[PDB]
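First the structure, then my questions, so here it is.
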Amino acid sequence: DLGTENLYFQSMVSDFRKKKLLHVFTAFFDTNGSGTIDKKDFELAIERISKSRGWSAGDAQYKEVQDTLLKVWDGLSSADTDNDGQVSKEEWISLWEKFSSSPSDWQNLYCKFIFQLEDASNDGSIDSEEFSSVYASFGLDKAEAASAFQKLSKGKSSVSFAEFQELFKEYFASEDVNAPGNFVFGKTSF
Ligand SMILES: [Ca+2]
């Protein structure tokens with residue numbers, strides 16, 4: 001599929017930003033790897049993310065994942081897509097390219113979802129161990145996630161919810177290859 005390489009998308013987003021945005025599509029949202037996001041991906045994610053944290057249906061935390069992710073899908077699917085209930089990679093780029101000027105509720109809610117998996121006690125901040133534990137549960141290398149935290153945090157011992165939200169915005173927006181927000185999804189390369 002060369003759609004994402006067409007001149008419209010190259011004028012909208014740099015190659016570097018496009019790679020970052022599509023990484024979130026493939027590594028976090030397109031659970032079955034089909035190349036399109038649909039509700040089935042969220043129904044698989046609910047079960048899999050819950051199990052990755054040691055939860056099972058009937059647990060209060062499972063119900064929280066379920067309710068939150070189904071709300072993220074409700075919002076993501078309410079976008080004007082070619083096919084109802086399916087989100088292409090080309091649609092995804094459009095949805096994230098202006099997150100800094102026009103953030104949508106589903107996008108804020110996903111940011112909160114990840115942060116709240118990490119800050120399980122609601123302290124309002126995360127540390128390296130919590131960050132790396134959650135990305136290890138998502139199947140990423142734990143030591144690389146701890147390295148990512150060091151860069152994300154710019155030396156801080158803990159990162160507040162507001163600082164994480166701003167780092168999340170910087171992941172999608174920044175043109176700088178060393179921007180701290182690049183590291184918010186647990187990797188040190190791009
Ligand atoms: Ca899919």
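May I ask you to list the residues in the stretch 9-30 that are within 16 Å of the ligand (Cβ to nearest atom) and part of a loop (DSSP other than H, G, I, E, B)?
If the condition is that a residue be within 16 Å of the ligand (Cβ to nearest atom) and part of a loop (DSSP other than H, G, I, E, B), then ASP30 is the only one that fits.
While we're here: Give me the residue from the stretch 31-59 that is assigned to a helix (DSSP H, G or I) and free of Cβ contacts under 8 Å to residues at least 12 places away in the same chain and, out of that set, nearest to the ligand (Cβ to nearest atom).
Looking at the filtered set, the residue picked out is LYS40.
Hey, another quick one. Given (1) part of a helix (DSSP H, G or I); (2) of a type outside the set (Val, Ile, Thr); (3) within 15 Å of the ligand (Cβ to nearest atom), identify the lone condition not met by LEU95.
All conditions pass for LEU95, except number (3).
Same structure, new question: Scanning the stretch 99-142 for residues that are part of a helix (DSSP H, G or I) and among the aromatic types (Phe, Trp, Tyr), which turns out farthest from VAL65 (Cα to Cα)?
By that ranking, first place goes to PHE131.
Pick from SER125, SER160: which is among the polar types (S, T, N, Q), at negative phi and surrounded by fewer than 17 Cβ atoms within 10 Å (Cβ to Cβ)?
One residue alone meets the criteria, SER160.
Do we have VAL65 as within 30 Å of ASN178 (Cβ to Cβ), in contact (Cβ under 8 Å) with a residue 12 or more places away in the chain and more than 14 Å from the ligand (Cβ to nearest atom) here?
The answer is no for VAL65.
Could you tell me whether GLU5 is more than 16 Å from the chain's Cα centre (by Cα), among the charged types (D, E, K, R) and within 12 Å of the ligand (Cβ to nearest atom)?
Answer is no for this residue.
A further question on this structure: Could you tell me whether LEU76 is over 15 Å from the mean Cα position of the chain (by Cα) and within 15 Å of the ligand (Cβ to nearest atom)?
Details: over 15 Å from the mean Cα position of the chain (by Cα): no; within 15 Å of the ligand (Cβ to nearest atom): yes.
For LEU76, the condition - over 15 Å from the mean Cα position of the chain (by Cα) and within 15 Å of the ligand (Cβ to nearest atom) - is not met.
Here Cβ is always computed from backbone atoms with ideal geometry, including for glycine, and neighbour counts include all displayed protein chains. Each value in this text was obtained by applying a stated rule to the coordinates, not by laboratory testing.
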